[PDB]
Amino acid sequence: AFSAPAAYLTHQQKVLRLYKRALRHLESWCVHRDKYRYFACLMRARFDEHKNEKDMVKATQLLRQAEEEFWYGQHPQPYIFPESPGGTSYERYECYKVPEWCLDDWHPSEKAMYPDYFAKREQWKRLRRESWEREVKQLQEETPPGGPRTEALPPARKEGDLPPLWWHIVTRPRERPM
Amino acid sequence: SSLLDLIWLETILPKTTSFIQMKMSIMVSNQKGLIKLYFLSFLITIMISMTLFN
Amino acid sequence: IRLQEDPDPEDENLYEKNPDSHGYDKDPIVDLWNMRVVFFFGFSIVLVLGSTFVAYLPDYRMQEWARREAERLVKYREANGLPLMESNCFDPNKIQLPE
Amino acid sequence: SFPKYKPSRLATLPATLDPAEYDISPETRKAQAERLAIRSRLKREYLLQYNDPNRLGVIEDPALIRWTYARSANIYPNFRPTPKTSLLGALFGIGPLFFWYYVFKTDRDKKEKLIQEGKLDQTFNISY
Amino acid sequence: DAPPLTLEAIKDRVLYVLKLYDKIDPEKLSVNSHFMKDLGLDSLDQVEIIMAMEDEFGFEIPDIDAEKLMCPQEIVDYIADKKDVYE
Amino acid sequence: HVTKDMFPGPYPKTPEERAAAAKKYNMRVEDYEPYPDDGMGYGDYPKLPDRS
Amino acid sequence: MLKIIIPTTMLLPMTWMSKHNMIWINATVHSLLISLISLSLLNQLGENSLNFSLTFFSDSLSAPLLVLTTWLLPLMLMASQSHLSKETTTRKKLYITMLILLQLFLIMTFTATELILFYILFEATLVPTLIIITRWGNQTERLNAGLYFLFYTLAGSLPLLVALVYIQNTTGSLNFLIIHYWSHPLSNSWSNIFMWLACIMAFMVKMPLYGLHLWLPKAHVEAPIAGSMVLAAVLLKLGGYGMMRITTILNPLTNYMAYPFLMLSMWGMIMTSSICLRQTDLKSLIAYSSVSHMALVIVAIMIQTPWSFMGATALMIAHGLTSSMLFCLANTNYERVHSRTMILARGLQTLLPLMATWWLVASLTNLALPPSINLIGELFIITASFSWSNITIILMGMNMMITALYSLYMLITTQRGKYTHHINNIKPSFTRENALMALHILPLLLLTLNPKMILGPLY
Amino acid sequence: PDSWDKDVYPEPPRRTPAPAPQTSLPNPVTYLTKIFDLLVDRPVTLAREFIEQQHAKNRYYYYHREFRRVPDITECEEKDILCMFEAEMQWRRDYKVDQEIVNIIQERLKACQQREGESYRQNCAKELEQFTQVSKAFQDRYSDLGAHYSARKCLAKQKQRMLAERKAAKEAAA
Amino acid sequence: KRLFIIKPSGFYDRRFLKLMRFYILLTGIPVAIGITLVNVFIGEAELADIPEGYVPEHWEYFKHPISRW
Ligand SMILES: CCCCCCCCCCCCCCCCCC(=O)OC[C@H](COP(=O)([O-])OCC(O)COP(=O)([O-])OC[C@@H](COC(=O)CCCCCCCCCCCCCCCCC)OC(=O)CCCCCCCCCCCCCCCCC)OC(=O)CCCCCCCCCCCCCCCCC
Ligand SMILES: *P(=O)(O)OCC(C)(C)[C@H](O)C(=O)NCCC(=O)NCCSC(=O)CCCCCCCCCCCCC
């Protein structure tokens with residue numbers, strides 16, 4: 001989520017993702033902890049058996065066969081963490097997330113109900129306004145002439161600068177806002 | 001939405017009528033302003049009125 | 001450019017000048033009085049008074065009159081053994097059928 | 001071996017089972033790089049507009065505008081009367097009408113015949 | 001409902017799990033020990049460590065981000081940032 | 001801010017038109033593919049994979 | 001009726017003589033007073049109508065429509081004052097004048113006692129609506145929408161004029177009372193078939209009937225908010241009122257000539273609900289919902305039973321109120337984000353709670369939710385259609401299911417979900433907008449409380 | 001009660017069995033009934049007595065409007081608008097009265113079914129016959145007139161029914 | 001530790017609800033009081049036969065005092 005994706009997944013990344021998915025589905029099948037440990041050790045034994053192979057064509061064929069075997073043998077109802085996309089508690093608090101631009105439309109009386117918070121909010125707003133020009137200058141200086149080849153962003157190269165395009169990342173609503 | 005409302009109900013009643021009216025308007029107004037031509041037209045009209053009306 | 005055209009103006013926010021604005025007018029006094037007259041007349045007068053007026057409109061549809069007439073007719077007819085509802089609306093004596 | 005999985009339109013083929021996912025030409029890698037570059041350029045433009053502090057309002061989306069325009073206002077200029085469109089329009093527009101007409105006409109004819117022959121149970125039918 | 005997490009608590013829990021890992025020597029394990037450069041693990045071991053941390057803290061770490069966590073301090077920072085822990 | 005040149009148009013019949021359409025929709029020329037010209041009104045709008 | 005007609009003709013000079021900043025206040029106050037005065041027409045007799053004079057009369061069918069029009073004028077004033085802040089004083093006064101002229105023509109149309117005066121007035125309602133649309137519309141398609149609306153209505157209604165003058169020459173009078181008492185059966189001949197076609201087709205185009213309705217999406221989408229409110233709330237009810245008036249002299253030919261229109265209405269109700277299921281524009285969704293409800297009203301009038309007329313009247317009133325409220329809500333959303341795309345703005349429930357409540361209430365009334373007058377009318381029409389035939393229940397059930405589907409789809413898409421991140425110009429809802437929604441919704445619930453006032457003469 | 005007429009709205013005499021307890025246990029229903037009478041019945045009765053005393057000080061009356069009979073559509077000449085208007089109004093009033101008669105009979109039927117309870121199929125056969133006869137007559141009168149019903153349409157329907165009956169009688173006698 | 005809760009402005013919605021309640025109750029309460037007083041003191045009429053030779057009015061043909069008025 002926080003990391004910019006690459007153009008493709010390498011063979012190592014593909015096999016590692018397959019390994020993790022197979023272990024998760026095996027844990028779904030093997031409910032008990034000792035049984036899961038036994039069969040996870042067996043699965044890692046298989047992976048270590050095929051770990052050393054110089055023929056990339058044969059390695060790719062083995063990966064394809066392993067993927068087909070996993071798809072046949074997957075759990076129809078695998079365990080999903082509650083906050084994971086398939087989970088039962090996914091996106092439950094998205095209705096409680098309110099942004100700071102919505103915060104600044106308050107009535108003067110509502111603002112006066114929280115005197116100390118809004119002084120620091122004004123300080124943050126001034127800090128944001130005093131850095132945008134330097135951020136855009138840095139962004140346009142370091143980009144290739146053709147255009148951005150990836151979604152990764154540069155850090156602050158100077159002592160007094162902030163990383164470009166930081167406002168919404170920094171001020172995103174909390175995971176349990178209300 | 002697409003096949004009926006936006007295409008065929010448009011084609012039948014409102015679009016065909018507009019197309020026919022535009023074609024007839026072009027045909028009627030496409031005149032070169034030649035007195036010889038429309039006076040020959042007057043002569044044909046006179047002959048038709050004399051013969052076909054009794 | 002093909003014209004000497006004004007740029008598209010920025011959207012104007014009523015809450016910026018008048019934080020306690022009712023959204024009727026830019027002028028605070030006219031805005032407040034527009035809110036007051038709309039609320040008073042519409043809600044109070046129209047809703048409450050028209051609703052009670054319609055509630056207590058006189059029974060000109062003759063619903064209760066029809067019920068009382070029906071009660072009298074039912075009492076008279078079932079007291080004398082006559083059918084409760086006559087099978088004919090009009091009199092066959094006064095109706096003349098063709099030959 | 002294991003039974004194969006047959007993809008359908010409502011149950012698509014998973015990426016890990018796609019045969020083309022394991023046969024990567026060098027041109028496929030540069031195509032993926034170009035796709036990533038396009039996505040990165042669009043993301044950069046959107047993020048600049050999004051994080052601009054002086055911006056108030058909606059970041060207009062040309063893709064969304066194109067989609068809405070193509071869905072409604074761009075259909076008729078690109079429509080041509082073909083045999084396929086003519087048959088489909090005639091069917092989907094007229095066939096249901098005559099079908100329902102036949103159904104309702106037959107039902108009402110049967111009901112009227114029963115009424116005329118006087119063997120339809122209409123007792124207590126006061127409201128109509 | 002649940003008591004809030006803290007940076008010290010997260011660090012203690014991740015070091016607890018790592019010391020319970022058999023392939024890692026508890027004595028030479030520090031918060032800055034690299035899993036592959038100076039602990040001698042590999043990709044599968046790192047995947048298993050990430051899965052153990054997920055089971056410990058009850059939330060899933062996506063594969064795109066999990067591959068880059070090569071340090072207990074990096075794991076602590078990732079968990080704190082995702083859970084919005086600042087103290 | 002969108003110009004008249006950024007709107008969907010007729011079905012592209014030449015490689016120059018197809019390249020222009022692909023550029024318009026922020027797509028690669030190789031990845032751009034219109035609906036078949038059956039007179040259903042799709043035009044030059046790209047045909048994307050039927051996934052969700 | 002002069003006690004209501006003259007105050008409108010006095011609204012005109014008051015608006016044109018008022019100050020530059022008092023036009024809205026004066027117009028709203030006096031429109032509300034006129035509505036309160038017009039509330040007195042609901043006291044009707046059970047035997048016959050209220051015959052004020054030789055020219056105007058009021059009936060149990062005319063009274064609710066007049067009250068609806070008089071109540072609708074101030075709401076249009078509020079919405080117009082919302083969207084015309086930067087207009088010049090003369091143009092604001094012209095807009096108010098157009099609205100007042102439309103209201104005056106509608107009142108006279110509903111109270112007219114002759115078919116020819118009714119025709120003249122209901123054709124006179126075209127000019128203010130056309131001017132409003134083609135002058136204060138926002139997008140380019142307003143000109144095309146105005147042309148479509150005008151020519152559909154006129155091509156429908158000119159044969160009605162010819163048939164009306166022919167009927168007057170044949171029978172001696174176009175007075176509604178006389179044509180009701182002196183009615184004679186319409187024999188099955190080609191001439192009678194074409195006279196029936198002229199009258200019914202004029203009012204069907206006004207309804208609109210399925211297949212003759214494209215002008216409705218074109219106009220309602222491209223009209224300003226006041227035009228959208230008046231077009232759906234009242235101007236669609238002229239066709240129903242006319243059909244309920246003229247069907248006295250069209251019997252027994254209506255028994256044989258109603259089949260194509262019934263089939264069109266039912267199938268087009270299904271089709272327009274399905275179209276609502278896949279609309280990328282909110283105003284278009286509301287417009288097609290209006291088309292479906294009016295198709296149901298057409299079915300009721302065509303089956304022509306005492307239970308169908310009451311349902312038709314109740315459904316007309318309920319649909320007017322509901323469609324007006326929905327258009328107002330969509331207009332507030334549009335003024336927030338300056339676009340009509342449905343998926344552009346989301347999370348409006350977590351950004352604007354009271355507006356989410358108004359949306360929920362409006363969508364609940366849009367679908368037939370008991371004991372609302374919407375459900376009362378729909379249920380009466382369904383019962384009458386069931387007595388007519390036993391597959392109409394299948395069609396009505398399909399329509400109800402799809403109606404609930406698209407109403408809740410609109411509600412969920414607009415209000416629920418997560419807010420759009422880049423839309424940060426959504427200011428809190430105004431007291432004016434909240435009052436507009438409240439004044440839209442409260443009369444509907446009060447009419448639910450007292451339902452005999454909108455069930456028409458057949459009650 | 002004297003608010004309505006016992007002949008128009010009959011109720012069979014009420015036979016309530018006497019209580020015959022067979023146990024020494026106290027009756028919670030009796031105790032709660034006594035509590036309800038003490039706490040609610042007496043206050044509401046006192047309030048109603050006060051209200052009715054207030055009413056008796058300003059006693060005024062309202063009357064039942066009486067309509068005389070007028071010549072009907074059978075006597076009205078063709079296209080005589082005044083006589084047709086009078087006859088149509090009288091016919092509409094009679095139609096309303098007949099609707100209310102049917103309503104009264106339906107109320108009788110519902111009340112009898114509820115009162116008899118588990119033995120309604122046998123003890124309500126008397127009110128079912130009256131409802132059947134009234135519904136038959138009402139249907140023969142105003143069964144299929146339509147939305148634009150009128151005294152002329154009802155008269156035409158009656159003429160058609162009379163002609164059909166005459167034809168059937170002639171065929172039977174032949 | 002208490003954390004600030006970011007919420008949309010509810011002041012305007014509360015103000016509208018308060019104003020609507022105040023203006024509905026401004027005339028609703030007097031109307032309810034008047035109806036209650038009328039019903040308690042000026043009760044409904046009692047049905048009676050028309051005296052011979054007497055011609056009543058329509059309001060005398062109606063029952064409730066407010067409807068008669
Ligand atoms: C902002 C968001 C919300 C917006 C909402 C939308 C906007 C709304 C705008 C306004 C719309 C207004 C529409 C028009 C309304 C006009 C009024 C109307 O139609 O009145 C009709 C009618 C009034 O009767 P009427 O036709 O005028 O006269 C007939 C009789 O002659 C009368 O009988 P009577 O003469 O024998 O005596 C009755 C008399 C006197 O009654 C008594 O004396 C009763 C005494 C009871 C206790 C007695 C025992 C306890 C005694 C304790 C002490 C004992 C010792 C001392 C005794 C005294 C000293 C010796 O009381 C009355 O007359 C008062 C009735 C109520 C008047 C309501 C006026 C409403 C005006 C419209 C505006 C409203 C705005 C809202 C604010 C309202 C104010 C807060 O009925 C009612 O008002 C409703 C009464 C309901 C009673 C309970 C019924 C059963 C409830 C349960 C059913 C099953 C469960 C259902 C669910 C739960 C319930 C929902
Ligand atoms: P680190 O960088 O050390 O990772 C080492 C890797 C794997 C990257 C190697 O360097 C490498 O690439 N080696 C050669 C390629 C290779 O390993 N090919 C074979 C790998 S797939 C395979 O052999 C194992 C699959 C067997 C198990 C499949 C699981 C399917 C069953 C799941 C069922 C679901 C419920 C149990």
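Residue numbers (our numbering), protein chains in the order written: chain G, 1 to 178; chain R, 1 to 54; chain P, 1 to 99; chain E, 1 to 128; chain Y, 1 to 87; chain F, 1 to 52; chain L, 1 to 459; chain U, 1 to 174; chain A, 1 to 69. Think of the CB as a built atom: it goes at the ideal place given N, C-alpha and C, for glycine as much as any other residue.
Just the Cα atoms here: how many angstroms apart are residue i and residue j?
i, j, result
"L/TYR459", "L/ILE381", "14 Å"
"L/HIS440", "L/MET204", "28 Å"
"L/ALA112", "L/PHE430", "40 Å"
"residue 105 of chain Y", "Y/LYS11", "The requested residue 105 of chain Y does not occur in the structure, where chain Y is confined to residues 1 to 87."
"L/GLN415", "L/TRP359", "8 Å"
"P/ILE45", "L/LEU209", "39 Å"
"G/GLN140", "E/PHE2", "54 Å"
"F/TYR45", "G/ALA66", "39 Å"
"A/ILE42", "A/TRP69", "12 Å"
"L/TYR334", "L/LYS86", "17 Å"
Less than 7 Å separating the Cβ of residue i from some heavy atom of ligand 2?
i, result
"E/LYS4", "no"
"F/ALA19", "no"
"G/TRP29", "yes"
"Y/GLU74", "no"
"G/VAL57", "no"
Taking only heavy atoms of ligand 1 into account, decide whether any of them is closer than 7 Å to the Cβ of residue i.
i, result
"P/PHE41", "no"
"A/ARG21", "yes"
"L/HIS440", "no"
Between the Cα of residue i and the Cα atoms of the options, which residue gives the shortest distance?
i, options, result
"F/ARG51", "E/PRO7, E/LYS105 and E/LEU120", "E/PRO7"
"A/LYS7", "L/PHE110, L/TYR181, L/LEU351 and L/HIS180", "L/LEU351"
"L/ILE246", "L/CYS199, L/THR332, L/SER324 and L/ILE107", "L/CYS199"
"G/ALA156", "G/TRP132, G/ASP116, G/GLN65 and G/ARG172", "G/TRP132"
"E/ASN78", "F/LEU48, F/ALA19, F/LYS47 and F/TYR42", "F/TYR42"
"U/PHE138", "P/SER87, P/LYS94 and P/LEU97", "P/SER87"
"L/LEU445", "L/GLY417, L/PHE56 and L/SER372", "L/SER372"
"L/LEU449", "L/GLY397, L/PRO370 and L/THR403", "L/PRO370"
From which residue to which residue does the alpha helix (DSSP H) around residue i run?
i, result
"P/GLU64", "63-79"
"L/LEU115", "115-124"
"G/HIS11", "11-29"
"A/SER67", "65-68"
Per DSSP, which residues does residue i bridge with? Please list them.
i, result
"L/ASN175", "L/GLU114"
"E/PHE79", "F/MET40"
"G/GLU83", "Note: G/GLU83 sits in no beta bridge, so no partner."
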